[PDB]
Amino acid sequence: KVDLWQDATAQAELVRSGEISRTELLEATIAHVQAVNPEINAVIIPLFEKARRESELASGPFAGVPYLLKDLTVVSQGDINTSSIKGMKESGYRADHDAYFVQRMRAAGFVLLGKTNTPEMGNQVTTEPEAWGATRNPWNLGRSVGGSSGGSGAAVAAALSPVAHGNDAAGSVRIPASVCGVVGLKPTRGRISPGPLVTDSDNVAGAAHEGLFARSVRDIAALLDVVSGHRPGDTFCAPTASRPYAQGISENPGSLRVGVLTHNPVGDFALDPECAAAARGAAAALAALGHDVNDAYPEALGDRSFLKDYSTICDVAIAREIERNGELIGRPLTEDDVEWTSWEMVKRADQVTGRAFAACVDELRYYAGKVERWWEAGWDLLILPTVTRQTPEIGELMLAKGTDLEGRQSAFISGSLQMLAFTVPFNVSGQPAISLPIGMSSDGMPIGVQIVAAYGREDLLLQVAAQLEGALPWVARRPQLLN
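So the sequence shown is numbered by PDB author numbering: it starts at 3 and just counts up by one.
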């Protein structure tokens, strides 16, 4: 009975130290998964046999430590790959190779334990796909786990693994992290390779980033050191750090110019008071730490007109993704293979011209510029809530096949919009953004606090995150699912 609440670094040490065996840790983890996962449906594709095989051969700073992979974008050789598409799940399709991410983790000593749930093609901010069923929150089984990397977020929150992979296009790593009370990082655009495959139309024109889940800031730093770097064909790239993140995390950044946002600058909905208060509390802690904290934010955040352009790009991305998956199994996918919301985008995609698509991408670049100018002006970090509302109940965000969306993502309207309004701007700017599990709602649901740093500055981000982790430690808290 190993203490699975220890982070990856600690679990790696227990093995290295010899205090516990690789098979002990793995088997202890597998047992825990078999007992807890049925209740939350986080891990949809178990890979225990592979995990056991890799465990014997594993070597590195994290040899023997298990990890979970989202069933989207990145793939593992010879394993089921559904992307939560009904037609794909039924085909029994299996990937033919390892994504660079997977190779890097294995070389580091990690053992692939399985794949986590996600909405179809990661097209929702909740994880309730028709193909695998809903993933439930370890903190409250009747609540959503956010999305699209909801499976990985819940898995880490329930200790099914100390760390996990996920991707973020509108906040898909940060959102589930906030909702599930774990640390979720969307690094600088181009930091982590999603290759060798080229998916989602150049990863949604760069808006889609591979990201990381963990329960400690040091685990994130170590993960970055493992999966970062330019790989062949990678479209985007990030500025190079001078030293490994595992090392720089303890450096003192000194007093930084910090801006705090505790209201919705767009003014189209009220920021939940509890979400705002969590960010406010974090800002206060930073002020006590000696940082120059002020109420300020990039003026560009007051405008979300770019989301329309982003939606158009997403329509094309999903449409072509449906095509790519069809080619994988050898037959075109039909309206009967995917969810209605996904097929809707296929229709909309047909109305998009080449010039229109190009114009939408330019809109993203221009908005990214307006956002980054705030940091250019001297500001170092922006602190704001990761999400803007209380966590929705299961079934709340999934719309009936008869809903009148009308020319726009279902995740970009009403209840879903409030989940991603404070995260999507940074998918566009490409700046590193991390969600820290610093808050809790009055009814016991995790509330994440987001920190955003300048393009390429994960070093400063992790440094300040480590400071907040020390000032407002969250490790003491555990979901009810774990008693």
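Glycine residues also receive a C-beta, built at the ideal position from the N, C-alpha and C atoms.
Name the two residues that bound the continuous beta strand (DSSP E) containing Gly-417. Run containing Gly-417: none in the beta strand (DSSP E); it sits in the alpha helix (DSSP H), 416-422.
Counted within 10 angstroms of its Cβ, other Cβ atoms place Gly-111 as buried (16 or more) or exposed: Counting the other CB atoms within 10 Å of its CB gives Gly-111 a total of 16 or more, which places it among the buried residues.
Presumed contact (8 Å Cβ cut-off) between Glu-341 and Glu-130, rounded CB distance: At roughly 10 Å, the Cβ-Cβ gap does not stay under 8 Å, so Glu-341 and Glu-130 are not in contact.
Just curious, the beta strand (DSSP E) that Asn-39 is in, first and last residue? Where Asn-39 is concerned, there is no enclosing beta strand (DSSP E), although the alpha helix (DSSP H) it sits in stretches over 24-42.
Selection from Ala-109, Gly-89, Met-107 and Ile-82 that minimises the alpha carbon distance to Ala-97: With distances taken between Cα atoms, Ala-97 lies closest to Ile-82.
Is the beta carbon of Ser-307 less than 7 Å from the beta carbon of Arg-410? Taking a C-beta distance under 7 Å as the contact criterion, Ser-307 and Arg-410 do not qualify as a contact pair.
Please tell me whether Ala-159 and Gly-183 are closer than 7 Å, where the distance is taken between their beta carbons. Yes, the pair counts as a contact, with Cβ atoms nearer than the cut-off.
Put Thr-118 into one of helix, strand or coil per three-state DSSP. Correct three-state label for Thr-118: strand.
With DSSP collapsed to three states, give me the class of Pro-68. Secondary structure at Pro-68: strand, using DSSP grouped into helix, strand and coil.
Could you check whether the segment 220-239 touches the segment 267-287, counting it as contact only if at least three pairs of C-beta atoms, one from each stretch, sit closer than 8 Å? Output reads no: the segment 267-287 does not touch the segment 220-239.
Near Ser-61, what residues of its chain come up, given a Cβ to Cβ distance below 8 Å and the 5 sequence neighbours on each side ignored? Only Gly-111 meet the Cβ criterion.
Take every Cβ of the segment 251-263, pair it with every Cβ of the segment 34-44, and state whether three or more of those distances are shorter than 8 Å. Using a C-beta cut-off of 8 Å, the segment 251-263 makes no contact with the segment 34-44, since fewer than three inter-stretch Cβ pairs fall below that distance.
Can you grab the Cα-Cα spacing for the pair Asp-227 / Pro-189, in whole Å? If I take the Cα positions, the gap works out to 12 Å.
For a test of the three-state rule: what should DSSP assign to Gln-469, helix, strand or coil? Under the three-state reduction of DSSP output, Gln-469 falls in the helix class.
Between the beta-carbon of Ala-156 and the beta-carbon of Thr-137, is there less than 7 Å? In contact: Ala-156 and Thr-137 (Cβ atoms closer than 7 Å).
Starting from the C-beta of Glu-471, find all residues in its chain whose C-beta is less than 8 Å away, skip the five residues before and the five after it, and write them out in chain order. Residues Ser-218, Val-219 and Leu-438 of the same chain have their beta carbon placed closer than 8 Å to that of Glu-471, with the five preceding and five following residues left out of the count.
Should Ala-298 be listed as close to the ligand HEM, given that the test is whether its C-beta is under 6 Å from any heavy atom? Ligands in the displayed structure: none, and consequently the ligand HEM is not present.
With a threshold of 16 other CB atoms inside 10 Å of the CB of residue 498, please say whether the residue is buried or exposed. Residue 498 is absent from the structure shown; the chain starts at 3 and stops at 485.
Examine the Cβ distances between the segment 286-297 and the segment 322-331 and report whether three or more of them are shorter than 8 Å. By the Cβ criterion, the segment 286-297 is not in contact with the segment 322-331, since fewer than three pairs of Cβ atoms, one from each stretch, lie closer than 8 Å.
Could you pull out every residue in the same chain whose Cβ sits closer than 8 Å to the Cβ of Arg-282, ignoring the five residues on either side in sequence? Hits under 8 Å: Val-262 and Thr-264.
Once the 5 residues before and after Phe-238 are set aside, which same chain residues still bring their CB inside 6 Å of it? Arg-191, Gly-192 and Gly-208, listed in sequence order.
To the nearest angstrom, how far is it from the Cα of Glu-29 to the Cα of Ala-53? Using only the alpha carbons, I get a separation of about 10 Å.
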